[PDB]
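Okay, so here's the structure we're looking at.
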Amino acid sequence: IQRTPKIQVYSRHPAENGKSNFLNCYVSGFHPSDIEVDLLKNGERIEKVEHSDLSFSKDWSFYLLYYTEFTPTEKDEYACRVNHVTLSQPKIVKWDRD
Amino acid sequence: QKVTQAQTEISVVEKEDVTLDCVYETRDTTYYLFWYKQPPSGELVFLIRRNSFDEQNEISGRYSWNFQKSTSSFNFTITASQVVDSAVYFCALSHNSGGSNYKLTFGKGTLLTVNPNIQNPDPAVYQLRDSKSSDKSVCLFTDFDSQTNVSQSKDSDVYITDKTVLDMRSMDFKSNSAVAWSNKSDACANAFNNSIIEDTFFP
Amino acid sequence: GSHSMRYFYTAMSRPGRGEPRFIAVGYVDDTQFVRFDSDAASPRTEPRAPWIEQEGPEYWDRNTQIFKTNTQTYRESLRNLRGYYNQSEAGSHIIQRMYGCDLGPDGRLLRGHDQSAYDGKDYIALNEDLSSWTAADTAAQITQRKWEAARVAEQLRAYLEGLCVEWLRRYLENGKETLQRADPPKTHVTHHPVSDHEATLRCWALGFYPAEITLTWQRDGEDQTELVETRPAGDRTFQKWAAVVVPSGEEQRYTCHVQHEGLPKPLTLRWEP
Amino acid sequence: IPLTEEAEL
Amino acid sequence: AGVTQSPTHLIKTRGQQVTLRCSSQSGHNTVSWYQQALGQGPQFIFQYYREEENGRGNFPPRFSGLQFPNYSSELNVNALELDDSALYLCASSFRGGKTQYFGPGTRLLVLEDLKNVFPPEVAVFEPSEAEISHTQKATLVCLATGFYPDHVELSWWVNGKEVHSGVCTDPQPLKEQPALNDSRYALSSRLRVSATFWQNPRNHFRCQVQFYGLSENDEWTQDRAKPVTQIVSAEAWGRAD
Ligand SMILES: *[C@@H]1O[C@H](CO)[C@@H](O[C@@H]2O[C@H](CO)[C@@H](O)[C@H](O)[C@H]2NC(C)=O)[C@H](O)[C@H]1NC(C)=O
Ligand SMILES: *[C@@H]1O[C@H](CO)[C@@H](O)[C@H](O)[C@H]1NC(C)=O
Ligand SMILES: [Zn+2]
Ligand SMILES: [Zn+2]
Ligand SMILES: [Zn+2]
């Protein structure tokens, strides 16, 4: 009933500076459904983000996929802000190209 | 889709095995078949539930059902038909019409009638008089074999009823009868110009 | 080739925030292909797969009407379970259900599934035999008692063995170019030094279907391994990798082994500088 | 196609 | 008591409002209404689920319905026509196994005018003295004439017990003259019993005839009395001659 969300920040394709890609934040295994997920661009909010469909795994734990268009650069650092009833303060997971 | 019962009416006698024919056409695979009996009261009683994954032959009591998916027919068989089994039998089909609803689709309806097995036929035409201080007269044709068919009055002022139907719960007495009457002149002898036969009592 | 079908229903309650919300998604193998939401002002069954868009309008009006009655069905289910535990009306609760038929290589079903849940806990389930049920608590027996006399499991045995198998089969033919054609992953090995004595060897597998994959690290003697597992890519393919901290200097000794359906033979990879 | 008719709890 | 439906028989004029009611079983949650013509099978009107219509088939919007939380249902039908005269059946289920438990039904009849409705004239007839010698049986003939409309239930009561053995009735009544569309009807039934049971002067026989006509609500403006729903019977006692 009480479950902590697992976060994965990655890209749809290998990150190459200058080329277009998709930035994915894959939250999985969290209860209940209510969750706040934001994508951060060096500290600012990214507008017009899209989320996947609400489904659950065989252990009755939910998983979502928040994605957006992103062109990786060397000096731009992105992260995923996830808030949930399980943990008190908002959680940040920075993006790693590897 | 549709359900079809080709048999319109059936005339059988007691202890005789009568089968009922019910065929269906249905492309979608999952469905629930049914059989209902409707006595003259008007209601339908629940007899059977058949499904798509069920067997081919299934018999329970005097009722014997034959569900096969190749012929797409659910032909019903009544063994040793009794007087109580005389009613209208419907076969329905629970398919998907539209969405979120398994609707029923009933066929035309098969009229089953069980006439008494008159082992000793003794046809006779008696006359009855009003009990309660009146003189209106009634004529009665009774105790004839089940193979006799009469229904034509062939006269306006003269009234003639056809063969009756026994009560379903009628265990003890089982006989065929027909009643004619009139309030004009000119009478019991001329009452039956319909299939009047050799072994008739005329008092 | 191979087939599987699943349906994921989800019903949560929002006291004061409106009526309960119902969410339904459909799956063939690991490819989602149906999507439904109750909160959309235009609530209609949306598709997520190219091969199903071929279906006519009667198919989509059917799937929409079914879910438009299931939202009222589970709303009463939320009120019923609220009464079994006499829970407060101001508490949020959720009901989850999964079902579907599993086809075999010969062409017929192997295992039909049906199971429900409440607040993340197992509530009720249909047995291996489709006829019976298995209750988890005292309240599950209340609902079980009703379905024992209403022949609810009778409906499922006729559906799982009937329309589900007939349509799970139709989906295999309409999308055999993607549902019956597996794609092996794009595999490579990376490396990043952490210290003078330690080093990280990460083995990548990209763009594979279905989701089942095995990634292990091994030294010629035996096998060890950090394994974040099977995230999706968003293109109906999944991505996965396994890493291991290796002593810098003895790096070449570690090998990566991949076991996947789309691969003709199991692979063995080594970080080649 | 999903299950046509659903029981309640 | 799971299956009820009120009322049983009803007569209305062309262009009125009727409201048929039905009670569901203790374990059921759906109500399905049907309409059966004299020759056809029960045709499916709408089905209701938890006070929201589930689905309807091949019927105009005037056929309406409503479901109450205590599993009570209605069938509000507007703008009646002469072809809306049929048997209206009520079904019930619980969204599980698709089995429909039908109710007793409701015989509805729509007429253009109510100036032709008449109760029957019942009269029994003692058996023939020559029949006692021939078959050793006694046949009692009952006759109800000059009544409109069609549906009438004819029961035989012997010694205060509704007997079913030895009873037979005509399948449908008889039009007195087939030339007229509004012709009155006539039905007849028979009761056969042993002669010794009839020759007993302490045994009585009664022919009950239940007639379904007008109700209290409907207004009457003719000189004769209102032909309301009434039971007209005829009795006869034993005789030995
Ligand atoms: C059930 O009874 C029906 C009653 O006619 C039989 O109907 C036959 O159906 C087949 C195909 O379904 C037709 O080719 C025949 O022409 C039909 N019979 C007639 C006389 O037309 C049906 O065969 C019966 N089924 C079984 C298994 O006995
Ligand atoms: C259900 O409640 C209504 C009140 O709205 C009442 O008229 C009806 O008779 C009730 N039915 C039963 C079966 O109690
Ligand atoms: Zn004789
Ligand atoms: Zn169509
Ligand atoms: Zn009646």
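Cβ coordinates were reconstructed from backbone atoms using ideal geometry, including for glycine residues, and neighbour counts include every protein chain displayed. Basis: the model, the stated rules and, where named, an outside source; none is laboratory data.
Computed values, structure above
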| quantity | calculated |
| --- | --- |
| Condition broken by C:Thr143, with the remaining ones in (1) buried (at least 16 other Cβ atoms within 10 Å of the Cβ); (2) of a type in the set (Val, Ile, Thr); (3) away from chain E (no Cβ under 14 Å); (4) more than 27 Å from C:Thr216 (Cα to Cα) satisfied | (3) |
| Residue check, A:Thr86 more than 10 Å from every other protein chain (Cβ to nearest Cβ), among the hydroxyl-bearing types (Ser, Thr, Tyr) and farther than 30 Å from C:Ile94 by Cβ | no |
| Single residue of A:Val82, A:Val93 found to be within 14 Å of the chain's Cα centre (by Cα), crowded, with 19+ Cβ neighbours inside 10 Å and outside any loop (DSSP other than H, G, I, E, B) | A:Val82 |
| Subset of region E:216-241 (residues that are over 20 Å from E:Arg184 (Cα atoms) and part of a loop (DSSP other than H, G, I, E, B)) | E:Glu216, E:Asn217, E:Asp218, E:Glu219, E:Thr221, E:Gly238, E:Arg239, E:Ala240, E:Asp241 |
| Neighbours by Cβ (under 6 Å, 6+ apart or cross-chain): first from region E:196-211, closer than 18 Å to E:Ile132 by Cα; second part of a strand (DSSP E or B) and among the small types (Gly, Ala, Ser) | E:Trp198/E:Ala138; E:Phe205/E:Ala236 |
| A:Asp98 being in contact with a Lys or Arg (Cβ under 8 Å, 6 or more places away or on another chain), part of a strand (DSSP E or B) and either of a type in the set (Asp, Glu) or more than 30 Å from C:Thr187 (Cα to Cα) (or both) | no |
| Selected residue (criterion: farthest from ligand 1 (Cβ to nearest atom)) from residues of region E:151-186 that are exposed (fewer than 14 other Cβ atoms within 10 Å of the Cβ) and among the acidic types (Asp, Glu) | E:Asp182 |
| Residue under evaluation A:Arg12, criteria (1) farther than 24 Å from C:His93 by Cβ; (2) within 11 Å of the chain's Cα centre (by Cα); (3) surrounded by 15 or more Cβ atoms within 10 Å (Cβ to Cβ), criterion not met | (2) |
| From B:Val138, B:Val114, B:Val84, residue being surrounded by fewer than 19 Cβ atoms within 10 Å (Cβ to Cβ), aliphatic (A, V, I, L, M) and more than 16 Å from ligand 3 (Cβ to nearest atom) | B:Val84 |
| Any chance C:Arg231 is within 24 Å of A:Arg12 (Cβ to Cβ), out of contact with any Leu (no Cβ under 6 Å at 6 or more places or on another chain) and among the basic types (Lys, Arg) | yes |
| Selection within region E:119-129 - away from ligand 3 (no atom under 16 Å from the Cβ) and either at the interface with chain B (Cβ under 9 Å from one of its Cβ atoms) or out of contact with any strand residue (DSSP E or B) (no Cβ under 8 Å at 6 or more places or on another chain) (or both) | E:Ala123, E:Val124, E:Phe125, E:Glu126 |
| Unmet criterion (only one of (1) part of a loop (DSSP other than H, G, I, E, B); (2) closer than 30 Å to C:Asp235 by Cα; (3) within 14 Å of chain E (Cβ to nearest Cβ)) for C:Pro105 | (3) |
| Candidates C:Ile66, C:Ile95, filtered to the one that is at the interface with another protein chain (Cβ under 9 Å from one of its Cβ atoms), of a type in the set (A, V, I, L, M, F, W, C), farther than 21 Å from A:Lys58 by Cα and outside any loop (DSSP other than H, G, I, E, B) | C:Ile66 |
| Candidate set from region E:77-118 (those that are closer than 14 Å to E:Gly15 by Cβ and assigned to a loop (DSSP other than H, G, I, E, B)); member that is nearest to the other protein chains (Cβ to nearest Cβ) | E:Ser85 |
| Elements of type strands (runs of 3 or more DSSP E) contained in region E:130-212, each with 2 or more residues being closer than 26 Å to B:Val83 by Cβ, within 16 Å of ligand 5 (Cβ to nearest atom) and facing another protein chain (nearest Cβ under 10 Å) | E:152-158, E:185-194 |
| Residue satisfying all of: in region B:25-37; surrounded by fewer than 16 Cβ atoms within 10 Å (Cβ to Cβ) and of a type outside the set (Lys, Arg); nearest to ligand 5 (Cβ to nearest atom) among these | B:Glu25 |
| All positions within region E:1-59 that are among the aromatic types (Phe, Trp, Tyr) and part of a loop (DSSP other than H, G, I, E, B) | E:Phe59 |
| Candidates E:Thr4, E:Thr8, E:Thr30, filtered to the one that is under 23 Å from E:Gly97 (Cβ atoms) and within 16 Å of ligand 5 (Cβ to nearest atom) | E:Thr4 |
| All positions within region B:152-203 that are among the aliphatic types (A, V, I, L, M) and closer than 23 Å to B:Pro116 by Cβ | B:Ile160, B:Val165, B:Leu166, B:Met168, B:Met171, B:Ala178, B:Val179, B:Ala180, B:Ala191, B:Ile196, B:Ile197 |
| Subset of region C:211-269 (residues that are more than 14 Å from chain A (Cβ to nearest Cβ), outside any strand (DSSP E or B), polar (S, T, N, Q) and surrounded by 15 or more Cβ atoms within 10 Å (Cβ to Cβ)) | C:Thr225, C:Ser248 |
| Spans of strands (runs of 3 or more DSSP E) in region B:101-194 with at least 2 residues more than 11 Å from every other protein chain (Cβ to nearest Cβ) | B:110-115 |
| E:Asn76 being out of contact with any helix residue (DSSP H, G or I) (no Cβ under 6 Å at 6 or more places or on another chain), more than 16 Å from ligand 2 (Cβ to nearest atom) and not aromatic (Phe, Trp, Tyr) | no |
| Leading residue by the ranking (surrounded by the fewest Cβ atoms within 10 Å (Cβ to Cβ)) among those in region E:52-72 that are under 20 Å from D:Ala7 (Cβ atoms) and either basic (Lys, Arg) or within 16 Å of ligand 2 (Cβ to nearest atom) (or both) | E:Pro69 |
| Identity of the residue in region B:38-81, crowded, with 17+ Cβ neighbours inside 10 Å and touching a helix residue (DSSP H, G or I) at 6+ places or on another chain (Cβ under 9 Å), that ends up nearest to B:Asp17 (Cα to Cα) | B:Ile78 |
| All positions within region B:3-34 that are more than 14 Å from ligand 1 (Cβ to nearest atom), part of a strand (DSSP E or B) and not aliphatic (A, V, I, L, M) | B:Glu9, B:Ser11, B:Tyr32, B:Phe34 |
| Only listed residue being crowded, with 16+ Cβ neighbours inside 10 Å and of a type in the set (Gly, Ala, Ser), chosen from C:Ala90, C:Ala153 | C:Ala153 |
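Yes or no, residue by residue, for (1) over 20 Å from E:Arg192 (Cβ atoms); (2) of a type in the set (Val, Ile, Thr); (3) within 16 Å of ligand 3 (Cβ to nearest atom); (4) not assigned by CATH to the domain that holds B:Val84:
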position: B:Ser146; (1), (2), (3), (4): no, no, no, yes
position: B:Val165; (1), (2), (3), (4): no, yes, no, yes
position: B:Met168; (1), (2), (3), (4): no, no, no, yes
position: B:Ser177; (1), (2), (3), (4): no, no, yes, yes
position: B:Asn183; (1), (2), (3), (4): yes, no, no, yes
position: B:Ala189; (1), (2), (3), (4): yes, no, no, yes
position: B:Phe192; (1), (2), (3), (4): no, no, no, yes
position: B:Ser195; (1), (2), (3), (4): yes, no, no, yes
